[PDB]
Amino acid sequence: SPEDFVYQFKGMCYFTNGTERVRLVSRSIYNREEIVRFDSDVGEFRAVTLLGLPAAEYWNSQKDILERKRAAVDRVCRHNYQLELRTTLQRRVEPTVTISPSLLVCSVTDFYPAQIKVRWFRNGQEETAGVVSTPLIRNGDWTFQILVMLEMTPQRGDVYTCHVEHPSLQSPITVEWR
């Protein structure tokens, strides 16, 4: 293994309720160690690691840098959110949902955004015993997929139903399995 020295910088913006509560955190990282952090709720630089102490003590002395960072939550975060409000936040793609055993699985694939709740029905009554669900799988191509399995005792059962709700669905999707 050859030696490698990494360095990272992350200007991360946090949005809550549109642009009501917006918070900027610019993280300077040596390898995996965040050394200096500019927290917009703090107002100035704060060293997190011994390495970041001379960097934070210097940046805090420069008045021009402080004014830029204190205004970056507007100049960067809130500005980009305005064009984010016209592009990615408008993106709504409907999930494709299928049912197949391997245990009964409900394959909900290719949907955006991430907020999604799916429920299992047995004969009309919501079967909640042994419904193991999977994490939210990020495909990395601006789509998500989630699998939901159910411990099914099928003998003399009639019609299992998968029921999913999503922000792209005016009326929720229902697909059954007789």
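The first residue of the sequence shown is number 1, and the count goes up from there.
In the deposited sequence, the stretch from residue 102 to residue 103 hides 4 to 9 residues that have no coordinates. Averaged over their C-alpha atoms, the temperature factors of 107-115 and 147-155 are higher for 147-155. A summary of the deposited B-factors shows that, of 30-38 and 124-132, the stretch with the larger mean C-alpha value is 124-132. Ranked by C-alpha B-factor against the other modelled residues of its chain, residue 12 falls in the lowest third. The PDB entry assigns residue 22 a C-alpha temperature factor belonging to the middle third of its chain's modelled residues.
Residue 141 sits in the lowest third of its chain by CA B factor, as recorded in the PDB entry. Placement of the Cα temperature factor of residue 57 within the chain: highest third of the modelled residues, per the deposited record.
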